[PDB]
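In structure tokens, one chain follows: the form deposited in one PDB entry.
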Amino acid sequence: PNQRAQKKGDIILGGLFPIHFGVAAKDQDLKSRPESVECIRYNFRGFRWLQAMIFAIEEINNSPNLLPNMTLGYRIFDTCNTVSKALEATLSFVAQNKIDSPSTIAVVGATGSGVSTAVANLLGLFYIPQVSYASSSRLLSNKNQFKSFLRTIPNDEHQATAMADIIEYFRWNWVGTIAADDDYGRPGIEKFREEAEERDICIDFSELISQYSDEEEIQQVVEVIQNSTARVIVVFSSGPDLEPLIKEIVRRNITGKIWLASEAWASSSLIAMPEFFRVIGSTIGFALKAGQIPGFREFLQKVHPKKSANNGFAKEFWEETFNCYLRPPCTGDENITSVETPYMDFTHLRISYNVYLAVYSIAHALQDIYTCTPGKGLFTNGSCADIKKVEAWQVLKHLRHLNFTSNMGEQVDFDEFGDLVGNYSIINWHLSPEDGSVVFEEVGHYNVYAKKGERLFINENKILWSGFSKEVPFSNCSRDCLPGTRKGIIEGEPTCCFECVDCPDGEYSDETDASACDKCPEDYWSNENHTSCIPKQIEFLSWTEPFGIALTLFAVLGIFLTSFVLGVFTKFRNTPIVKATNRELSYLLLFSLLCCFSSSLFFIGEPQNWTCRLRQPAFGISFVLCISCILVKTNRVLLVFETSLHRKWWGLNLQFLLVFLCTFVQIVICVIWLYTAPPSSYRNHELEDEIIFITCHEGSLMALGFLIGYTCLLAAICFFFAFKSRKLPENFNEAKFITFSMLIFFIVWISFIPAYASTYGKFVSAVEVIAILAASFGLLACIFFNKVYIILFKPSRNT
């Protein structure tokens, strides 16, 4: 090639820099002989990088210690960011070696993963160390194929993990990817997709672009972008590979998304245009750790076409800066500090420092060769190498074992994969208030040495979402489902995109975004929101509640009246005037009425086994013995008509036999109940589904049937015998009184039937207990009030 930066010396290096951005887009129709294509657009950043390399080389040549007597020369070429020019230059590099089947010993060539691979395939064939400064693809680590490649820029797996970490930190799960179609974008987005699907993050679309894409492919890509709902768009590409898509996006006014820039185009001047920043607001990109090169800007300001004989690119540089010709003609007096261009309009050195570091590392390897001591070398017999006759593979061997200190005082040392690691800065795009150009204000940091999970660190106070608002935009497929509801599948959409369905009654969902409703335990139940389990609010006939205290009051006043009549009897015990009747029978009847009044107590509280298991036979025996005694408190016609009949001769104790017979019969059934089917004191849910009710299911139905039959037949026979003799003046015609009492007993039975048979849980027990209480109360009152009245009022009883 003609245009190049050439300088002689004892040792020659090679450089490859993208001075231009691309080649002249034209189709070689092949109707005539094809010739060398000329590049089109200028790139001042590449010229700054070239100046950095030249500065490093000359500064090394000025230092007296590093390489004391030797001198470093160079043959730097231009690649125009394509492969053809790079391979032309590379063939111009290995010419002396090519004649095997000006020998350069090292090449610093970079800025394209594709270009870097294309060069390293050829340089590694002659074992020429190539130290790239910007090639960051993960494919260049396959040291089984790129034998002689080392890069002073970190790899690009950490960057994919960092983008995944950023997406996870802002709590997003619905994104979309876009990648240039070269060796830089594809592996990057593959690694990112892997790490994303690991972290449970869904990806909507995935398109590829390139600077040679025709309007139809870009149209399709813009349609895919527009016809989607994800707001986060991760981009892995370089400036020139993204310019057309961005042109289309800004011409179509797509102004909603959030761009996650990769390292290549995060700081590119092709994309950071004030026109573009309208529709591409809120970008968050990565950047390398800045560096310091003392006196570099002063060297930059010295460039001049006439005073540059080694450098040959200063001519076109001046022609491009001042826009002149060597239409208007140039003069060698212009002021480079006047015009504005990415040449001097920088604040931090990020890639230029990489070039400086690469040149200094190669120089340090050379110096290490210079200061070898025999017997301690790295070659066959621990031998050293002749620096005056140094070869490329020796420099490579020494570079693999290089370990020195940088200018900032950091330990530069290449990993066994030939690459040094480094932290990341995280940049947000801002609009400058005074000028109006884009400005990269650093808002985050990414440490690579720290353990997993604790690497990313962002400072959200500075981030400007769309420049207007101040809150993280929402970019999930579907809004979360608050507690009370649960997730639900959509048939085709990915897992990160669902709908919400309500928990059916009886189940609850406390946490948000739950996969399935939970059924409260039987003790508990759904709330009104189906959010919280509330207790089943169990219920039964309580004690302190008005009904319970009132029934207990009635019972105890019954006991009080009974004890009252007992006291009256005891005070006048020795008076058979009214006690001409069997005083023992009065004893028994009064105590039996006490027991009957007490029996009610067994139907109050919560039903355990004890409670009902004894509450049925309690009333049973009590009322049957009461009715038997009041039956015997009558005429003995059948007894007079009838061992047993021998005992029916004299002695009142025979009457007792009667009761001590019939109750015996009764207790038989009861003891049957004891060991045949005791009433199950158990709970019930089926009746209410909301509140448990505790009852007792009598296991022996026919047994209680027989019991009730026995007591009612006793009642029938006693009532009939009473009525048949209801009009006999036997001491105030007591027969009419006993008819009255047993009649009201029958009324109690009848009017009790409908009550319990047509009421809810607690009130059934309440009505049963009030029925038994009223029955026994009425019977006792009717039997004893006449006698107590006549005794307390008129003690004239003779016949």
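The term rigid core refers to the maximal set of C-alpha atoms that superpose within 1.5 Å between the two forms. So that there is no doubt, residue numbering starts at 1 and follows the sequence shown.
This protein has a second form, the form deposited in another entry, left out of what is shown; the following refers to that one.
After fitting the rigid core, tell me which of 307, 171, 636, 247 has its Cα displaced by at least 2 Å between this form and the one not shown. After core superposition, the one over threshold is 636.
Verify the C-alpha shift of residue 70 between this form and the one not shown: is it 2 Å or more after superposing the core? No.
Cα displacement of residue 744 between this form and the one not shown reaching 2 Å, rigid core superposed: Where the cores coincide, residue 744 still shows a C-alpha shift between this form and the one not shown that is 2 Å or more.
Establish whether a shift of 2 Å or more occurs at the C-alpha of residue 402 between this form and the one not shown, with the two forms superposed on the rigid core. No; residue 402 is a residue whose C-alpha shifts by less than 2 Å between this form and the one not shown when the cores are overlaid.
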